[PDB]
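A single chain, nothing else alongside it, follows as C-alpha cells in the form deposited in one PDB entry.
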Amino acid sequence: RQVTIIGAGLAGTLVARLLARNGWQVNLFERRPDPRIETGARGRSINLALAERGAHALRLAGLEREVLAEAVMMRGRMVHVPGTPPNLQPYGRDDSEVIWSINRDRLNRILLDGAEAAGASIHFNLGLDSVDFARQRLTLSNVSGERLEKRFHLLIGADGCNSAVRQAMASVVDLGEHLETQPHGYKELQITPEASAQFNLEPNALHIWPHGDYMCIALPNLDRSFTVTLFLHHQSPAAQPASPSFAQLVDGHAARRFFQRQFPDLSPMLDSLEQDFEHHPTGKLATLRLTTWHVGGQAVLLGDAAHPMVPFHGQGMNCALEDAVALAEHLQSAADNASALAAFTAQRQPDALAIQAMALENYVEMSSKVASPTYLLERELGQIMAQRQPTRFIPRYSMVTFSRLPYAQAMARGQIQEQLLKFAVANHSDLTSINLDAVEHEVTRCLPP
C-alpha cells in the first residue's frame, strides 16, 4: 500500500513511521533541507512543551525514551509578577504530572531517524506547489522553482499551518474554511546559561511574566539556557494608540526600553535582546477551522494543516501527534482509504474544535496579572473536591494536559465543574462558610467517575 506525505515536521514524520512499520510504502517530501546534515549555520533554539498526549503517541511509536532523554522536566509554573519572588505552582501531586521542554529541532531529528528506521523514504528540498487530483500527480520544486512531478496514490497533508495540500484541495472541494486572526504576534528571545544561573531561574519549571494584553514565557533547555517568547499585539488598538505593540517597537533599542519599563526584572536577563529582536522574525498566530479535511480517498489533512490553533495551551504539537496515531490506525484497518479518511475526520474534528476553543480561552489564564479573590476561592474549593473525588473532579487543565480524555469531553466536564464551583462560591468570602459536603454531593451527582 502506497502513501505520499507532504511535510516532514512532527505529525508527518510520526505518521510515516507508523505506516512504514505496518508495511506501507511511504515517501515523505519536505521543503526544508535535512536538519541532520550538519552545516555551519546558526543553531535552532525554539523549544516546546510535550505533554501526555504527545508523549503517549511517541510511546506507541517506540520513541518516547529517546525524546525524553533530551527533555527538561517542567514540574509547575513560575509566575513572575513585580515585587514578590515567585514560588512554584506545581502541576500535580508528583513528578508523574509534569510537562517536558524539548528542543524542536532535536525532536524533529529523532522523528526523522524513526521514520527512516521503519522504512520510509524522505526527500528534502522539495516543496509541494500543486496537486492534479484527476491525473493523480503532484508538482514539487526546490527553492529555485525547478519543478518535479510525481504520481501519488494517497496524499497526506502534514505540511503545517500554511499547508499547500490544503490549498490544492480547495481547488476541487469547498473546504468551508473559517479563518480567525489573532491580534498577538510573537518574538523569540534568549536567556543564556550564565544569566539564568545568575538570577536563580528555576530550570525545572515553565516561567511566565504576565502583563495583561501582552506577556512573556520561557521554557528551559538542557544547558540551563531559556528560550523566551514575547506575545504582543502587532498593532495598537483603535481607541488606545498609545498601548504597546510591535508597531511601536521600531528597532532593538526601542524593544529594550519597552522591556526595561514593562518587564524590569526580565530585561536584565536578556543580554541579546536588541539583536534577537531585529534578527528573529515576528510570527503570526491564527485559528483556522475546516469543514472538510479530506478529498475522497485521495488526500487528507492532519496537524496544523487541518486545524491551526493559537499556542496558549501548548497543545498544537500534542494534538498533531494524537492526530497521527489516529490516522495511521484508521488507514491500517479500514475497508478502503476513503472509508479511513472519513472515519478519521469524523473522529477528530469535534476534538480539534474543542482544543482550538480551549487554547483561545487559556490566554486570559496565562496573561492575567492578578487573580481575583473569587478566582482563588473557586480554585481552592476545586482543589478540595479533587482530593475527595480524584475520580470525578479533575481540573480542565489537568484533563487536557495529563490525560488522553478526548478534548471535547474534557471541555464538557470542565464546564460542569466551572458552574458547580461558581454557584458554590457565590456570596461566600472564604472556605469556612461553604457547605463542603453539599458541594461533594453535587460533584458525585453531576460528574461520573
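In this text, residue numbers run from 1 along the sequence as written. Superpose the two forms; the largest set of C-alphas matching within 1.5 Å is the rigid core.
In the other compared entries of this protein that model both flanking residues, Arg166 has coordinates in every one, well short of a third left out. Across the other PDB entries of this protein whose models span the neighbouring residues, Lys369 goes unmodelled in a third or more.
Averaged over Cα atoms, the B-factor as recorded in the entry is higher for 79-87 than for the other of 316-324 and 79-87. Between the stretches 194-202 and 97-105, it is 194-202 that shows the larger average CA temperature factor. The entry assigns its greatest Cα B factor, within the set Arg379, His294, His307, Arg135, to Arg379. Reading the B-factor column for the CA atoms of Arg36, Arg413, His56, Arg32 in the entry, the top value corresponds to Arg413. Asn47: CA B factor lies in the middle third for its chain, per the PDB record. The PDB entry assigns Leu63 a C-alpha temperature factor belonging to the lowest third of its chain's modelled residues. Ranked within its chain, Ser272 lands in the highest third, by CA B factor from the PDB record.
When all modelled residues of the chain are sorted by CA temperature factor, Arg166 is found within the lowest third.
Sort the chain's modelled residues by C-alpha temperature factor and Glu146 lands in the highest third, per the entry.
As for the form deposited in another entry, it is not shown, yet the points below apply to it.
Here the two forms are overlaid on the core, and between this form and the one not shown the C-alpha of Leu377 is the only one among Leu219, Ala326, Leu377, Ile122 to shift by 2 Å or more. After superposition on the rigid core, displacement of the C-alpha of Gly176 between this form and the one not shown stays below 2 Å. For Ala41, a C-alpha deviation of 2 angstroms or more is recorded between this form and the one not shown after rigid-core alignment. The two forms, fitted on the rigid core, differ between this form and the one not shown by 2 Å or more at the CA of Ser368. The gap between the Cα atoms of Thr181 and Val364 is smaller in the other form, by no less than 3 Å, than in this form.
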